[PDB]
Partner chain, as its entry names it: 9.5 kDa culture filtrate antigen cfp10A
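A single chain, nothing else alongside it, follows as structure tokens in the form deposited without the partner chain.
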């Protein structure tokens, strides 16, 4: 029972993938290699971004940085914008998202529906300019505040305090944690928590390939490195092709009934490579991986529909 939708977030299920796992059962050919999917679409707006959105706002509040009716300014499109829009609306704040004018429409659709306003910054300026614009705009008014998910430790804290502890509790035998590398909040926070608490644990990134746009799934330009990022937290980072990400996304729903967004496809590709390695090594693995959101908002890319080739060109 929750007085507010804000509280109905986190404590997400960890689900075993009995069919997609390289080897679910221990046996004569060697120990189990299991995949466990953490379902972060079970959240207020359907993504993992509800965690850092809410914590960034509450931390801003505890720090005395917000006041009643304040306007939040964030250089984002996509899930974080949705998450902040919901949260801002429920706490009496306004939200303005800043994003490049050439940002994919699928990363925009629901924003005005949840109450947000959009500033469009110069397409050629890219990420760099959208961030600098939100930074400038925030300085116009004491009422206007930029949370900046790429550098706000409350992003990382949501995972250190939420995603991590839940994974420890549900999967004390964890050998690997795999997730997408975007703001880096999920891997930095969950990774730092698990590394402190689990002996020998590996932390593995998935990310897009350099040179592939996959625009409907990307918030930032290839070169940009979030200030949250700490290259010492990761054990490995793997680039995943669009064809492979889409293939795995279709595989997950077809085989395990879990309808996920495309980044989950990339994560699963990474987790399966990690898994094939343990299997060829004769080693036990229990690999937890993050389902960041559901496939719903990505249908209009055609990616779930026809051939893998067209899906690639659509991306």
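In this text, rigid core is short for the largest set of C-alphas that superpose within 1.5 Å between two forms. Numbering follows the first chain given and starts at 1.
Missing here is the form deposited with the partner chain bound; even so, the following discussion is about that form.
Q: Which one of these stretches, 133 to 141, 237 to 245, 152 to 160, 190 to 198, sits within 4.5 Å of the partner chain in the entry with it bound when only heavy atoms are counted?
A: Of the options given, it is 237 to 245.
Q: Although the partner chain is absent from this view, report whether residue 145 comes within 4.5 Å of it in the entry with it bound, heavy atoms only.
A: Residue 145 lies outside the contact set for the partner chain.
Q: Taking the partner chain as it sits in the entry with it bound, is residue 218 near enough to touch it, meaning that at least one heavy atom pair lies within 4.5 angstroms?
A: Answer yes; at least one heavy atom of residue 218 falls within 4.5 Å of the partner chain in the entry with it bound.
Q: Taking the partner chain as it sits in the entry with it bound, is residue 128 near enough to touch it, meaning that at least one heavy atom pair lies within 4.5 angstroms?
A: Heavy-atom contact with the partner chain at 4.5 Å: present for residue 128.
Q: Since only the chain is shown here, I'm wondering whether residue 164 would be in contact with the partner chain in the entry with it bound (any heavy atom pair within 4.5 Å).
A: Judged by the heavy-atom cut-off of 4.5 Å, residue 164 is well away from the partner chain in the entry with it bound.
Q: Listed by sequence position, which residues of 42 to 68 have a non-hydrogen atom within 4.5 angstroms of the partner chain in the entry with it bound?
A: Contacting residues: none.
Q: If you fit the rigid core and then compare C-alpha positions between the shown form and the other one, only one of 175, 104, 71, 152 moves by 2 Å or more. Name it.
A: Once the cores are aligned, the residue moving by 2 Å or more is 104.
Q: Residue 139: after superposing the rigid core, is there a C-alpha shift of 2 Å or more between the shown form and the other one?
A: Result for residue 139: yes, a 2 Å-plus shift.
Q: Would you tell me if residue 231 moves between the shown form and the other one by 2 Å or more at its C-alpha, with the rigid core held superposed?
A: After core superposition, the displacement of the residue 231 C-alpha between the shown form and the other one stays below 2 Å, so no.
Q: Taking the rigid core as the frame, does residue 161 move its C-alpha by 2 Å or more between the shown form and the other one?
A: After core superposition, the C-alpha of residue 161 moves less than 2 Å between the shown form and the other one.
Q: Which way does the C-alpha gap of residue 217 and residue 89 go in the entry with it bound, closer or farther, given it changes by 3 angstroms or more?
A: Relative to the displayed form, residue 217 and residue 89 move farther apart in the entry with it bound - a change of at least 3 Å between their C-alphas.
Q: Comparing against this form, do residue 217 and residue 40 have their CA atoms pulled together or pushed apart in the entry with it bound? The difference is 3 Å or more.
A: Those two alpha carbons end up farther apart in the entry with it bound.
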